[PDB]
Amino acid sequence: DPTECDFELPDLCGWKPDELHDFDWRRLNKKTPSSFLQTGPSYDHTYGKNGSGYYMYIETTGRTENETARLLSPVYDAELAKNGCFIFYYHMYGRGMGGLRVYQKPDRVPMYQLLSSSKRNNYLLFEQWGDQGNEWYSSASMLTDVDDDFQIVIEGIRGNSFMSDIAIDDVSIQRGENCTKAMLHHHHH
Ligand SMILES: *[C@@H]1O[C@H](CO)[C@@H](O)[C@H](O)[C@H]1NC(C)=O
Ligand SMILES: *[C@@H]1O[C@H](CO)[C@@H](O)[C@H](O)[C@H]1NC(C)=O
Ligand SMILES: [Ca+2]
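About the thresholds
- Residues numbered from 1 in each chain as written, not as in the entry; some residues may be left out.
- Chains lettered and ligands numbered in written order.
- Heavy atoms only, no water.
- Donors = N, O, S within 2.8 Å, 3.2 Å for Na, K, Ca; no water.
- Helix = DSSP H or I, 4+ residues; strand = E, 2+ residues; numbered from the N terminus.
- Buried < 20%, exposed > 50% of the residue type's maximum accessible area, 1.4 Å probe, protein only.
- UniProt positions renumbered as here; feature names shortened; annotations may be inferred.
- Contact = heavy atoms within 4.5 Å.
- Disulfide = S-S within 2.5 Å.
- Patch = residues over 30% accessible without salt bridge, like charges linked within 9 Å, V, L, I, M, F, W, Y side chains within 5 Å.
- Areas by Shrake-Rupley, 256 points an atom, 1.4 Å probe, with all protein chains shown as cover.
- Salt bridge = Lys/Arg side-chain N within 4 Å of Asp/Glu carboxyl O.
- Polar contact = N/O pair within 3.5 Å; in protein donor to acceptor, adjacent residues only side chain to side chain.

- The deposited coordinates derive from X-ray crystallography, with the record listing a resolution of 2.25 Å.

Right, dumping it as structure tokens:
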């Protein structure tokens with residue numbers, strides 16, 4: 001089972017969309033169709049500028065504000081019981097940008113409770129809102145021991161206009177030292 005994905009292949013290292021959401025994340029190469037209007041990446045993080053590498057993104061043209069898209073990792077087996085990390089890169093460029101949330105879902109926990117307002121703070125690894133500029137940022141999140149198998153859930157929320165494309169790339173789970181390193185140089189909480 002792969003613990004990292006650069007999204008270069010169409011099978012996405014076993015990541016799959018949520019069976020009940022508003023729309024799918026898309027895999028794409030370079031520029032988003034709405035790019036000319038100051039939104040979305042111009043290239044992925046793996047191969048960078050001039051590069052032709054692939055990222056995942058929400059197409060926000062023709063969707064409604066606060067509609068959500070979810071991308072789910074394969075199911076992992078207590079690889080969090082170490083010093084577990086989730087590390088990923090994201091691109092949030094666009095006026096009227098929506099939001100990006102990253103949850104850790106224990107397998108037993110149904111997606112309904114996971115997302116509910118009542119209980120989602122216990123599971124949020126990452127939450128960001130608004131325009132962040134034309135640039136790839138990164139995040140590293142400590143992962144809690146839930147004594148269960150689990151999934152990583154990346155949820156994009158469309159903003160108030162079609163200029164709210166969000167992209168992810170280069171996702172990763174790591175353990176131990178690699179975590180303390182990551183925390184030394186990745187933005188974290
Ligand atoms: C959309 O969600 C954000 C935060 O959850 C909230 O501030 C905003 O008012 C919501 N707008 C609508 C129209 O649902
Ligand atoms: C940290 O990363 C290196 C290179 O990928 C690898 O050799 C090492 O096994 C990793 N450490 C742990 C504790 O997984
Ligand atoms: Ca990539």
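Topic: the coordination of the calcium ion (ligand 3)
Next up, step 1: Looking at the calcium ion (ligand 3), one finds its protein donor set to be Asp6 (O), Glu8 (OE), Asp44 (OD), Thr46 (OG1), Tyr54 (O), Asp169 (OD) and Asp169 (OD), positioned 2.3 to 2.5 Å from the metal centre.
Next up, step 2: Spacing between the donor residues of the calcium ion (ligand 3) along the chain follows D-x1-E-x35-D-x1-T-x7-Y-x114-D. Separated by 40 residues along the polypeptide, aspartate 6 in the loop between β1 (4-5) and β2 (16-17) and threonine 46 in the loop between β3 (26-28) and β4 (55-57) bring together distant segments of the chain.
Next up, step 3: Take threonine 46: its relative accessible area is 28%, and that puts it in the partly exposed class.

Details of the UniProt feature "binding site: Ca(2+)" (unreviewed entry) in the protein chain
Next up, step 1: The feature "binding site: Ca(2+)" (unreviewed entry), as annotated in UniProt, sits at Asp6, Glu8, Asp44, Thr46, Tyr54 and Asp169 in this numbering. Judged by maximum C-alpha separation, these annotated positions cover 164 residues in sequence but sit close together in space, the widest gap being only 9.8 Å.
Next up, step 2: With respect to the helices and strands, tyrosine 54 occurs in the loop between β3 and β4.
Next up, step 3: Residues within four places of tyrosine 54 in sequence aside, it is in contact with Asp6, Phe7, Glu8, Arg27, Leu28, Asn29, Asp44 and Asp169.

Regarding the state of the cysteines
In protein structure, a disulfide is the covalent linkage between the sulfur atoms of two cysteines.
Next up, step 1: Tallied over the entire structure, the rule returns two disulfides.
Next up, step 2: Paired by a disulfide, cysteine 85 and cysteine 179 hold their sulfur atoms 2.0 Å apart. Of this pair, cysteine 85 sits in strand β7 (residues 84-92) while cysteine 179 sits in helix α2 (residues 177-185), and the two are 94 residues apart along the sequence. We note that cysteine 85, like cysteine 179, is buried.
Next up, step 3: Indicated for the protein chain is the disulfide connectivity 1-2, 3-4, based on numbering the bonded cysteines in sequence order.

Some thoughts on a nonpolar patch on the surface
Next up, step 1: A surface patch of nonpolar side chains, about 320 Å² in accessible area, is lined by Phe36, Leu37 and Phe162.
Next up, step 2: Among the secondary structure elements, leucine 37 is positioned in the loop between β3 and β4.
Next up, step 3: A relative accessible area of 37% places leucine 37 in the partly exposed class.

A closer look at the side chain of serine 141
Next up, step 1: Relative to the elements of secondary structure, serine 141 occurs in strand β10 (residues 137-142).
Next up, step 2: A polar side-chain atom of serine 141 sits 3.4 Å from the main-chain carbonyl oxygen of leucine 125.
Next up, step 3: Discounting residues that sit within four places of it in the chain, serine 141 has contacts with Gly84, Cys85, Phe86, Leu125, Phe126 and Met183.

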